[PDB]
């Protein structure tokens, strides 16, 4: 997260850390007690998932869990066309008993529109080029589909939307993929991709457009 700050501890209780050999490679979002959304480009043959976390380096905070997940499924149209349909569902090997610090979040029942006020969180790169230990949070605003399609020419697809791009240079970055973009209090997107470097003036980040996938998600959950 570029130009954010430490999140208030446990204020984003749906945040999931995806780690391998205790090293984070992506985040995800808890959407049901047994189900974590993430970017399809974060797919692995298995996962260790940190839930209820604030710090990655600290001792087990009260309420935190490290849970295994051995099953996941990418959207059938992922990367067709390139970068599009960037979501997958990870099924936890055990359902989590939701608690004060581990909670699911619902997906928005409305698609993004320019001006929507959002928050993105993650453990990805900071403005200073370092990786944080503590979960970071920053505010970004949705821009219009036309802005997104111009900026991300030639690869804009309706499975994507854009947020950020302000003169404030607030953005997601490497390591934030799969994490939540919460707009008006609902899960609106997952961190997906952007231009390098992150945090350029006038260049928003790109997020998976979850309002387009609610039927696929729930069909998969219920199968």
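Positions refer to the first chain, counted from 1. Take the two forms, find the largest set of C-alpha atoms that superpose within 1.5 Å, and that set is the rigid core.
In 7 other deposited structures of this protein, superposed by the rigid core, the C-alpha atoms of 105-113 lie farther from the shown form than the other of 105-113 and 83-91. Core-fitted comparison in 7 other deposited structures of this protein shows that, between 60-68 and 168-176, the CA atoms farther from the shown form belong to 60-68. Once the C-alpha B-factors are averaged per stretch, 107-115 and 88-96 rank with 107-115 first. Averaged over CA atoms, B-factors in the entry run higher in 98-106 than in the other of 137-145 and 98-106. Of the candidates 68, 176, 171, 57, the PDB record gives 57 the highest C-alpha temperature factor. Looking at 210, 206, 16, 203, the one whose CA carries the top B-factor in the deposited record is 203.
Per the deposited record, the Cα B-factor of residue 27 falls in the lowest third when ranked against the other modelled residues of its chain. Among the modelled residues of the chain, residue 167 sits in the highest third by CA temperature factor in this PDB entry. The PDB entry assigns residue 37 a C-alpha temperature factor belonging to the lowest third of its chain's modelled residues. When all modelled residues of the chain are sorted by CA temperature factor, residue 50 is found within the middle third. Per the PDB record, residue ranking by Cα B-factor puts residue 44 in the middle third of the chain.
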